[PDB]
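Read off the chains here:
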Protein chains: 2
Amino acid sequence: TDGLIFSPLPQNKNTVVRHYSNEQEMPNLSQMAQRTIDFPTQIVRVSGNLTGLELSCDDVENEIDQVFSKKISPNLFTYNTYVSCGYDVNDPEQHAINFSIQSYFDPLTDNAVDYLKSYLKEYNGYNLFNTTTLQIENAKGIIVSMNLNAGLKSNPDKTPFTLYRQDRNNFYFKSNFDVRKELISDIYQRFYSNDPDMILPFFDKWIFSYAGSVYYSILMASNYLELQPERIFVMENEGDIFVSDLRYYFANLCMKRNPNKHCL
Amino acid sequence: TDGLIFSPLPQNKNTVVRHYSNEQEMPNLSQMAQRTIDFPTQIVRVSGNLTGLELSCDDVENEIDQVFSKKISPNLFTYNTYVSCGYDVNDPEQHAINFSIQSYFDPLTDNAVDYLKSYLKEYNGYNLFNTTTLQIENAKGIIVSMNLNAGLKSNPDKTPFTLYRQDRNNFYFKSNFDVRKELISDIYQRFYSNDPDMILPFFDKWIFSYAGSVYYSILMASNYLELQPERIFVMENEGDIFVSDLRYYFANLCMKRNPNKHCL
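Residues numbered from 1 in each chain as written, not as in the entry; some residues may be left out. Chains lettered and ligands numbered in written order. Heavy atoms only, no water.

Trainee: When you look at the pairing of strand β13 (residues 248–253) of chain A in this model, what are you seeing that I'm missing?
Mentor: Each regular strand shows side chains that alternate between the opposite faces of the sheet. All names here are of chain A. Within β13, five of the six residues are buried, leaving the element largely enclosed by the surrounding structure. The pairing of strand β11 (residues 224–234) with β13 spans four bridges and is classified as antiparallel. Following the sheet pairing, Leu-227 is matched in β13 by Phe-250. (Buried < 20%, exposed > 50% of the residue type's maximum accessible area, 1.4 Å probe, protein only. Helix = DSSP H or I, 4+ residues; strand = E, 2+ residues; numbered from the N terminus. Pairing = 2+ DSSP bridges.)

Here it is, written out as structure tokens:
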């Protein structure tokens, strides 16, 4: 209802999907302080045609889970991973015909970085089904292009609301780890506050430099806010960006968390 | 008003702003095809503290227009320029205390490229007020992070409306010239259509691959659309991005242009 909400994943016919994530967990700053060096976000964007290989999607997904997903633990990494396998519904054995892996993940500590370098030594480039390779890439960086909605939602259980104002701001980060350490932590600490000396400086930092002044009136009139931090991964090659289908946004139900029913 | 609408940030207090652009001109694909030289988008992001120099904002704005804006003609360039000057409101002369130039522009013809290279040799690095220099930079490329709003606007003359759905999609372009040639032209040609075989394939191309299907219902229910194509200029240095405060969006007042008063 309120808090972090993940967008629904892509719907497709005759597909087994496995989805694994701990990104809903709040950033734990005490844990991330144990990483003392920058490390790039790891990106997987792999797919392949399996037609004729006589694999089942159970085999495909179990093998990917064994060489990738089960090696990335929620206690060492923040990750969001989506593994798809399409099958031939008309094939008497319903063999797989394709698969895809989409993932981003970040080591959370220096020890996690150590583990990661050993995992990569073993599995980067792993041959998947003699069709493609498990290629784990370094994102060069990430551009967050963040949208803010402020408005009045009559019915909190439904999607429509009266949009009063929309703003965009854009920031470059070295990694999704830094996004979580700096931006996501601050959303939790100050975006869900009705203390004016918390939320308005939050607006000045992330929306625009005097947004606190502009939004005081707007927050008094509003009861519902959203932040959509679109994460645009900047890859090494010129012109190569990656935006995962794995999205999240923040809904702020002021009407339910504050006595005055509004956001200030 | 509908079509391209400029959306600068709310003007800071005690500021003189001049805004110059021909970007509201629709793309003419036949004219744009006459350019054979790929050229990067030109970027100006200049600012300086003028406190104590006893300049008026008129002095500032006229000097900038003489060495910059007047030199970039709308018949050789597509440009968008915002020149700001803050003044000391309590100073009896209200002297200037700061200024900024924000601009992006593209040569429209091979001859315009010729003029540009000569203009740059003369004026790149020009001394502005013994405080900073006029620097024109090459954008490496542009990431467009485009937002779509669809909803129900009761009163077309005011801002609020009932938001039904929002989507983001992201694209890389080499230049703003390419953005206008590919995306902006298509906005004019198909987004401003109530032909389902025009607008819904537009959605399939630019929003997401089956957006026509999902939006069919929503466009029948909606009467108001917006596209916010945020242009994130990627500069040469790693981690260096530029977003101008000069934004534009496209409003589509389906109530004013279509017989059944809705977007389909």
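Back to the text.
Trainee: Can you walk me through unusual backbone geometry in this structure?
Mentor: The phi angle of most residues is negative, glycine excepted, and most peptide bonds adopt the trans form. Unusually for a residue other than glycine, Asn-14 of chain A sits at a positive phi of about 50 degrees. Within the element layout of this structure, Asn-14 of chain A appears in the loop between β1 (3–6) and β2 (15–21).

Trainee: How do you make sense of the sheet that holds strand β5 (residues 96–107) of chain B when you look at a structure like this?
Mentor: The strands making up a sheet associate through backbone hydrogen bonding, with each pair oriented either parallel or antiparallel. Residues and elements named next belong to chain B. Strand order in this open sheet of five strands is β2-β4-β5-β3-β8, and the pairing throughout is antiparallel. Among the strands making up the open sheet, the edge pair consists of β2 (15–21) and β8 (136–138). Within the sheet, the average angular offset between the axes of one strand and its neighbour, ignoring direction, is 15 degrees. In this structure, strand β4 (residues 77–87) lies alongside β5, joined through eleven bridges in antiparallel fashion. (Axes fitted to C-alpha atoms, helices over the stretch in contact; angles between N-to-C directions.)

Trainee: I'm lost on helix α6 (residues 211–221) of chain A in this one. Help?
Mentor: Because an α-helix completes one turn every 3.6 residues, residues spaced three or four positions apart along the sequence face the same direction. Every buried residue of α6 of chain A is listed here: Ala-211, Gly-212, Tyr-215, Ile-218 and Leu-219 of chain A. The buried residues of α6 of chain A occupy an angular sector of 125 degrees when the element is viewed end-on, so they sit on one face. (Arc of directions from axis to C-beta.)

Trainee: Is there a simple way to explain the state of the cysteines in this structure?
Mentor: In a disulfide, the sulfur atoms of two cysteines are covalently bonded to one another. All names here are of chain A. With the rule as written, the count across this model stands at two disulfides over all chains. Two residues, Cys-254 and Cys-263, share a disulfide whose sulfurs are 2.3 Å apart. Disulfide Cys-254-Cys-263: torsion about the S-S bond near 100 degrees, hence right-handed. Each member of the pair, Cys-254 together with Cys-263, is buried. (Disulfide = S-S within 2.5 Å.)

Trainee: Help me understand the packing of helix α4 (residues 176–191) of chain B against helix α5 (residues 196–206) of chain B, please; the structure alone is not making it clear to me.
Mentor: Between two packed helices, the angle of one axis relative to the other and the distance separating the axes together describe the packing. Residues and elements named next belong to chain B. The geometry of α4 relative to α5 is characterised by a closest axis approach of 9 Å and an angle of 155 degrees between their N-to-C directions. By the criterion of interaxial angle, the relationship of α4 to α5 is roughly antiparallel. Within the contact between the two elements, α4 uses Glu-182, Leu-183, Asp-186, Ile-187, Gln-189, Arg-190 and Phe-191 and α5 uses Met-198, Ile-199, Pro-201, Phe-202, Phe-203, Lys-205 and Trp-206. (Parallel < 35°, antiparallel > 145°, perpendicular 65-115°, else oblique. Contact = heavy atoms within 4.5 Å.)

Trainee: Where do I start with the sheet that holds strand β8 (residues 136–138) of chain A in this structure?
Mentor: Residue and element names in this part refer to chain A. Strands sit in the order β2-β4-β5-β3-β8 across an open sheet of five strands; the sheet is antiparallel. Only two strands of the sheet have a single neighbouring strand rather than two, namely β2 and β8. Pairs of neighbouring strands in the sheet enclose a mean axial angle of 10 degrees, with direction left out of account. Pairing between β2 and strand β4 (residues 77–87): seven bridges, direction antiparallel. In the strand pairing of β4, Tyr-20 is matched with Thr-81.

Trainee: Even after reading the chapter, I still don't get the pairing of strand β13 (residues 247–253) of chain B, so can you show me in this structure?
Mentor: Here β13 of chain B lies mainly inside the structure; seven of its seven residues are buried. A two-sided burial pattern is seen for β13 of chain B, the buried positions comprising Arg-247, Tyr-249, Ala-251 and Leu-253 of chain B on one face and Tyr-248, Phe-250 and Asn-252 of chain B on the other.

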